[PDB]
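Coordinates in review
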Amino acid sequence: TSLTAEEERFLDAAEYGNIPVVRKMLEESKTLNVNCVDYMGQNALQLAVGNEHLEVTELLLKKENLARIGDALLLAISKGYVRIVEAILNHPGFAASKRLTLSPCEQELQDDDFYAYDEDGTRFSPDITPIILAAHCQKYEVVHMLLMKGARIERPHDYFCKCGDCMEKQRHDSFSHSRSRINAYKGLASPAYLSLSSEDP
Amino acid sequence: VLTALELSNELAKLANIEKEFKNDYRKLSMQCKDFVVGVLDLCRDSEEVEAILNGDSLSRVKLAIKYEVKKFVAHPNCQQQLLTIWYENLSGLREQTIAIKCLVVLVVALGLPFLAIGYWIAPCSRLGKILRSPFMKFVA
Ligand SMILES: [Zn+2]
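Residues numbered from 1 in each chain as written, not as in the entry; some residues may be left out. Chains lettered and ligands numbered in written order. Part of a larger assembly, values for the part shown. Heavy atoms only, no water. Residues with missing side-chain atoms left out of burial classes, pairs and counts.

1. Quick notes on the layout of surface pockets
For clarity, the threshold we go by: Only protein atoms enter the 1 Å grid, on which a cavity is a set of points fitting a 1.4 Å probe that cannot get out and a pocket is an open set with protein on both sides within 12 Å along at least 5 of 7 lines, lining residues being those with an atom within 4 Å of a point. Grid points are joined across faces, edges and corners, and a volume is the space filled by probe spheres set on the points. In DSSP terms, a helix is any run of H or I states spanning at least four residues, a strand is any run of E spanning at least two, and both are numbered starting from the N terminus. Each residue is assigned to one of three groups, with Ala, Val, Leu, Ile, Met, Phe, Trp, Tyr, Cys and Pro labelled nonpolar, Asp, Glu, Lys and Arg labelled charged, and all others, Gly among them, labelled polar.
One number sums up the size of the second largest pocket: a volume of about 990 Å³. Lining the second largest pocket are 34 residues; nearest its centre among them are A:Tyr159, A:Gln170, A:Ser174, B:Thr84 and B:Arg94. Broken down by secondary-structure element, the contributors of at least two residues to the lining of the second largest pocket are α10 (164-171) and α11 (174-189) of chain A together with α3 (46-53) and α6 (76-86) of chain B. The residue inventory of the lining of the second largest pocket, partitioned by class, reads eleven nonpolar, 13 polar and ten charged.

2. Points about a positive patch on the surface
To keep things clear, this is the line we draw: A residue counts toward a patch only above 30% relative accessible area and without a salt bridge, and it is joined to like-charged neighbours within 9 Å or, for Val, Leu, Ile, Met, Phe, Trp and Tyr, to nonpolar neighbours within 5 Å. Reported accessibility uses the Shrake-Rupley method at a 1.4 Å probe radius. Residues are deemed covered only where the shown protein chains occlude them. Salt bridge criterion: a side-chain nitrogen from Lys or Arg within 4 Å of a carboxyl oxygen from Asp or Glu. Charged-residue counts in this description rest on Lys and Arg as positive and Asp and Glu as negative, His and the chain ends being excluded. Here the site of a charge means atom NZ of a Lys, CZ of an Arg, CG of an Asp or CD of a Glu.
A grouping of B:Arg126, B:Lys129, B:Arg132 and B:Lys137 is seen on the molecular surface, where their side chains present a positively charged patch. Within the fold, B:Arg126 resides in helix α9 (residues 126-131).

3. Re the coordination of the zinc ion
All names here are of chain A. The condition that has to hold: For Na, K and Ca the donor cutoff is 3.2 Å, while for all other metals N, O and S atoms must lie within 2.8 Å; water is not among the atoms, so some sites may look incomplete. The rule is simple: four donors are tetrahedral if all their angles sit between 85 and 135 degrees, four are square planar and six octahedral if opposite donors span more than 155 degrees and the others lie between 65 and 115, and anything that fits none of that is irregular. Here's how the labels work: a residue is buried when its accessible area is under 20% of the maximum for its type, exposed when over 50%, partly exposed in between, all with a 1.4 Å probe on protein chains only.
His157 (ND1), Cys161 (SG), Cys163 (SG) and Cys166 (SG) make up the full set of protein donors to the zinc ion, lying at 2.1 to 2.3 Å. For the zinc ion, the four donor atoms in the first shell make angles of 95 to 118 degrees at the metal, a pattern classed as tetrahedral. All donors of the zinc ion belong to a single chain; written as a sequence motif, their spacing is H-x3-C-x1-C-x2-C. Among the residues examined, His157 registers a relative accessible area of 41% and is labelled partly exposed.

4. Examining α11(A)
To be explicit about the condition: Expected span of a helix, by definition, is 1.5 Å for each gap between consecutive residues, and there is one gap fewer than residues. Working rule for contacts: check all heavy atoms of both residues, and any pair within 4.5 Å makes them a contact.
Here α11(A) spans 22 Å end to end across 16 residues, near enough to the 22 Å set by a 1.5 Å rise per residue. Those residues of α11(A) that fall on the buried side of the exposure criterion are A:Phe175, A:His177, A:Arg181, A:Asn183, A:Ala184, A:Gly187 and A:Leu188. Residues of α11(A) that are buried in the fold lie against α8 (130-137), α10 and α12 (191-197) of chain A together with α3 and α6 of chain B.

5. Let's talk about the packing of aromatic side chains
Geometry of an aromatic ring pair is reported as the spacing of the ring centres plus the angle between the planes. As a reminder of what qualifies: Note on aromatic pairs: the rings of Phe, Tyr and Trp (six-membered ring only in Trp) are paired at centre separations within 6.5 Å, and the planes decide the class, stacked below 30 degrees, edge-to-face beyond 60, tilted for the rest. Ring-over charges, as used throughout, are those where CZ of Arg or NZ of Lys falls within 6 Å of the ring centre and within 35 degrees of the ring normal.
Scanning all chains against the criterion turns up six aromatic pairs over all chains. Ring geometry for B:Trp86 against B:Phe138: centres 5.9 Å apart, planes inclined by 55 degrees, an arrangement best described as tilted. Here the residue B:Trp86 occupies a position in helix α6, and B:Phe138 occupies one in helix α10 (residues 134-139), the gap between them amounting to 52 residues. Judged by relative accessible area, which is 30%, B:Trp86 ranks as partly exposed. The exposed category is assigned to B:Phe138, whose relative accessible area is 61%. An aromatic cluster of three or more residues is present, and its members are B:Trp86, B:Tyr87, B:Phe135 and B:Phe138. Here A:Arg99 stacks its cationic end above the ring of A:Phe114, 4.8 Å away from the centre of that ring.

6. Remarks on the packing of α8(A) against helix α9 (residues 140-148) of chain A
Residues and elements named next belong to chain A. Here is the rule: Under this scheme, a helix contributes an axis fitted over its contacting stretch, all axes are lines through C-alpha atoms, and angles between N-to-C directions fall in the 0 to 180 degree range. An angle counts as roughly parallel when it lies under 35 degrees, as roughly antiparallel when it exceeds 145, as roughly perpendicular when it falls between 65 and 115, and as oblique in every other case. Handedness of a helix crossing follows the sense of rotation of the near helix relative to the far helix, less than a right angle counterclockwise being left-handed and clockwise being right-handed.
Contact geometry for α8 and α9: axes closest at 8 Å, N-to-C directions at 155 degrees. One element, α8, and the other, α9, form an angle in the roughly antiparallel class. For the pair α8 and α9, the crossing hand works out as left-handed. Judged by residue contacts, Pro130, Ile131, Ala134 and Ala135 of α8 engage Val142, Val143, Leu146 and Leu147 from α9. A breakdown of the residues in the contact of α8 with α9 according to their chemical character gives eight nonpolar, no polar and no charged.

7. Re the pattern of salt bridges
Residue and element names in this part refer to chain A. What the rule picks out here adds up to six salt bridges over all chains. Among the salt bridges present, the one from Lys62 reaches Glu58, with a minimum N-O distance of 3.7 Å. Accessibility expressed as a relative area gives 38% for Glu58, which makes it partly exposed. When salt bridges that share partners are traced, they join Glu106, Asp165 and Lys169 into one network.

In structure tokens form, the structure reads like this:
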């Protein structure tokens, strides 16, 4: 591919959890861009998230300019990586932005590849928030942590709602709207979100 | 998906012809149908649903009906498109109850000659679009 030797060494060390090699790579190295991604491969941070490595993921999170954080958060939520989820949520990006609460589809102009998958799409549906995914996987710890940060599953409107937002979504690509409603209800109907959501569940 | 559908047709035909290994060929045809259904299942947008339902006119739906691929046509991802096309140019009637639909049928029956006579101006009229819908054809 278009990859070079140094960045490939970085990627394999991160994927296989070579902590000292990654630490040497990120110290006093002008080259070896942190967010370098193959044409059809995963980011280094995504590789570190896929195979549980808290130290490697946090060392990557040291760097301020680094993308695909949301995709790795979704990947960690899809599994039991509670510590990795906690480390990712500690990034200043989530703290000082509305990324966590709002869905990737309508969070912003989505200029950056925050939730982007390998090349074009997303790991999950564009209307699946991290909290909705956590409810889907019934991860009680992850659901509790996401709720403690202020992220909640917004209740979908009535099926006959005629507001501007609902009409705008229904006018074009109504199947995605129906699938998003079903996903939101599946998140709401999950036992984890039901038990940890509100008083008197 | 088209290759799998034609292969399902071929496997069903060979299951009928052989009659010795009919179970094996039927199992292979079921495998092809399951692959088609699974490919349809992963849709997440209306564009992908349309792309699977017809190539570059529900061509793939018609071709699956011809091959008796029951699960591909009865899948909700295809039913959502078939209902939108079926209730074309009249969307408010979809959510009405069965009694309202029967009332609409009776109203059409009472005034069928009148709307037939007025169909001459229908192409230039607003109501012609309603009368040309795939549902009002069935009601008529
Ligand atoms: Zn609404």
